Structure formats: C-alpha cells, structure tokens
Ligand SMILES: O=c1cc(CP(=O)(O)O)c2cc3c(cc2o1)OCO3
Ligand SMILES: [Zn+2]
Ligand SMILES: [Zn+2]
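Residue numbers (PDB author numbering): 42 to 270.
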C-alpha cells in the first residue's frame, strides 16, 4: 500500500511506523529514491532522515499533519549526505529538535549540509550514549562501524520487528554497494554484520534505496562487502 502525496511516497510498515520516500534526479543516475521512517510514539511523532530537499521535507511534515496530526518531537539523521540531511533547514523552520552523530555534524558544512542541533556520541561497543539521545522512545540508535560512510548510524524500533540500515544496507538482490565515494571499504563488511547482530530480532530490514527486505539483505550486503578488501 503505497500512498502518493505530491512527489513523495508513504508506505505503512507497522501500526505506528511508516516509510517516507523522496526522489532526486541525479544527472547520470536517474531519479534516485531515498527512504526514511516516521514513528508514532504515543502522542508524538519521531522522524528518521530528511528527504533530499527542504521542500520535500516540508511535505513530509505536511503528510504527518494530515495523516497523524501530532507534534513531531524530534528527528534523527543517519549520515551527512543529501538523501539523509538535505532537508535539515525545513525541520528547523518547523521547530523540530534534530539529532545526528557528532561526526555527521562535524562533516555537514563541507558536505553542503546544515548540521543537526544536537550531537549523538557512542560507546565503544557502538550503542548510543543515552544521555545524548534523550526522549528517543522506541528508537534504539547504533553505530555499527564505518561502512557506506565513516559516520553512518542505524536505528531499531523497539516493540516492532523493524531495523533501519540507511545507506549501509542494500537489498538481498542488489548488484552493487552503490556510492562508495565516502566509504570505508576495509571495514564495510564487519560494520554490516555488526548492524545485524545489534538488532537480532529485526525481521524487516528497511534501507535507503530499496523496499524493505528480510534479513537476507544483511547477509547479502556483508557478503558483497567481503569482496571489497
Ligand atoms: O554522490 C553521490 C551521493 C549520493 C547520495 P548516497 O546514497 O551516497 O547517500 C548518491 C546516491 C545515489 C547515486 C549516486 C550518489 O552520488 O546513485 C544512486 O544513488
Ligand atoms: Zn550516503
Ligand atoms: Zn544512499
């Protein structure tokens, strides 16, 4: 059940979880879809990733207003590329508290991104330091190691079977690992496996550029990344 809302697509994944999808014409690659998440936690809404642009991200907020009609308490963005952070200004214009890996905020200006307002830091084992992610409700934030980028982070949704790999994970039939321009090729495979081990009960793996898949997306992405070293 895809719902077309202007130029964006929304798909319900669970009673309190929806996937948002936006598109950007990349010259040389066609119109590239990017996915994020919208989660209702009681009387508030939590967002994972912006759309590619401010205008598209404002449209996500419009869809939330019409379809959920609860305040958006926070957004967390999963690395400093345009598909995930390109709409930061729209979140700030709306008064929404924003969070990203400290490293994503450090990298944002040179990537042409606007930094989030708050920085997440991570324990040695990858789990977010909880003091830096206050009021995250069911969102469980995990840094799996460098992969698609050095700053990529991932998010599980407690109380569901869903985990979000962002651009780290590709679907079980993907031919390649996509844009490796900022990737850590040596560590990618281990980081993909660490994501899987952090969320062992997640049977629905959501990712940036493909429809949700089974855990075969993780095993396949890791096996593909094995070839990178
Ligand atoms: O420089 C880039 C950056 C991105 C965004 P990201 O996905 O790496 O976060 C990008 C995305 C694409 C692509 C090429 C790309 O080139 O082709 C299919 O999707
Ligand atoms: Zn990226
Ligand atoms: Zn991507």
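A virtual CB, placed ideally from N, CA and C, is assigned to each residue, including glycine.
Would you call the stretch 235-246 and the stretch 184-196 in contact, with 3 or more CB pairs under 8 Å?
yes
Note down the Cα distance separating residue 262 from residue 167, rounded to an integer number of angstroms.
Taking the first residue of the chain shown as position 1, residue 262 is located at position 221. Taking the first residue of the chain shown as position 1, residue 167 is located at position 126. For residue 262 and residue 167, the distance between alpha carbons rounds to 19 Å.
Report buried or exposed for residue 149, applying the criterion of at least 16 other Cβ atoms within 10 angstroms of its Cβ.
Here residue 149 corresponds to residue number 108 of the chain shown, with the count starting at 1. So residue 149 ends up on the buried side.
Quick check: the Cα distance between residue 80 and residue 229, rounded to an integer number of angstroms?
As a first step, residue 80 is located in the chain shown; it is residue number 39 there, counting from the start. As a first step, residue 229 is located in the chain shown; it is residue number 188 there, counting from the start. Approximately 28 Å, taken between the alpha carbons.
Report the three-state DSSP secondary structure of residue 268 (helix, strand or coil).
The residue labelled residue 268 in the question sits at position 227 within the chain shown. In the structure shown, residue 268 sits in coil (DSSP, three-state: anything other than H, G, I, E or B).
Identify, in the order they occur along the chain, each residue of the same chain with its Cβ nearer than 6 Å to the Cβ of residue 43, setting aside the five sequence neighbours on each side.
Taking the first residue of the chain shown as position 1, residue 43 is located at position 2. Closer than 6 Å at the Cβ level, and outside the excluded window around residue 43, lie 50, 52.
For the alpha helix (DSSP H) containing residue 98, list its first residue and its last residue.
Against the chain shown, residue 98 aligns to sequence position 57. Unbroken alpha helix (DSSP H) run through residue 98: 95-108.
From residue 223 to residue 191, what does the alpha carbon distance come to, in whole angstroms?
Here residue 223 refers to the residue found at position 182 when the chain shown is read from its first residue. Here residue 191 refers to the residue found at position 150 when the chain shown is read from its first residue. Rounded to whole angstroms, residue 223 to residue 191 spans 7 Å at the Cα level.
Residue closest to residue 123, alpha-carbon to alpha-carbon, out of 103, 130, 94, 69:
Residue numbering aside, residue 123 sits at position 82 when the chain shown is read from its first letter. For residue 123, the nearest C-alpha among the options comes from 94.
Taking 7 Å as the cut-off, is the C-beta of residue 61 nearer than that to any heavy atom in ligand 3?
Along the chain shown, one-based indexing puts residue 61 at 20. No - ligand 3 has no heavy atom lying nearer than 7 Å to the Cβ of residue 61.
So what's residue 111 in DSSP terms, helix, strand or just coil?
By one-based count along the chain shown, residue 111 stands at place 70. Coil at residue 111, not helix or strand.
Can you list, in chain order, the residues of its chain whose CB lies under 6 Å from that of residue 111, leaving out five sequence neighbours each side?
Walking along the chain shown from the start, residue 111 turns up at place 70. Same-chain partners within the cutoff: 84, 85, 86.
Under 8 Å, do residue 175 and residue 82 count as touching if we go by C-beta distance?
Looking up residue 175 in the chain shown gives position 134. Looking up residue 82 in the chain shown gives position 41. No, these two residues do not count as a Cβ contact at 8 Å.
For residue 209 and residue 220, believed in contact at Cβ under 8 Å, the rounded distance:
As a working note, residue 220 is residue 179 in the chain shown. As a working note, residue 209 is residue 168 in the chain shown. Not really, about 12 Å apart at Cβ, beyond 8 Å.
Which residue wins for smallest C-alpha separation from residue 54, given the options 243, 117, 170?
If you number the chain shown from 1, residue 54 lands on position 13. Closest option to residue 54, Cα to Cα, is 243.
Is it buried or exposed, residue 270, if we count other Cβ atoms within 10 angstroms and call 16 or more buried?
As a first step, residue 270 must be located in the chain shown, where it is residue number 229. The residue is exposed, with fewer than 16 neighbouring Cβ atoms inside 10 Å.
Using DSSP's beta-bridge definition, name the partner residues of residue 44.
Numbered from 1 along the chain shown, position 3 holds the residue referred to as residue 44. DSSP lists 51 as partners of residue 44.
Report back the beta-carbon spacing between residue 127 and residue 92 to the nearest angstrom; my notes put them in contact at under 8 Å.
Indexing the chain shown from 1 puts residue 127 at position 86. Indexing the chain shown from 1 puts residue 92 at position 51. Rounded, the Cβ-Cβ distance is 7 Å, consistent with contact.
What does the alpha-carbon distance come out to for the pair residue 226 and residue 108?
Within the chain shown, numbered from 1, the residue matching residue 226 stands at position 185. Within the chain shown, numbered from 1, the residue matching residue 108 stands at position 67. Roughly 41 Å between the two C-alpha positions.
DSSP bridge partner residues for residue 138 (one or two, in chain order):
One-based indexing of the chain shown puts residue 138 at position 97. Beta-bridge pairing links residue 138 to 115.
Ranges of the alpha helix (DSSP H) found wholly within the stretch 135-187, counting only runs of at least 4:
Assignment of alpha helix (DSSP H) within the stretch 135-187, counting only whole runs of 4 or more residues, yields 143-148 in chain order.
Could you tell me the alpha carbon to alpha carbon distance between residue 195 and residue 48, rounded to whole angstroms?
The residue you call residue 195 lines up with position 154 of the chain shown. The residue you call residue 48 lines up with position 7 of the chain shown. Between residue 195 and residue 48, the C-alpha separation is close to 26 Å.
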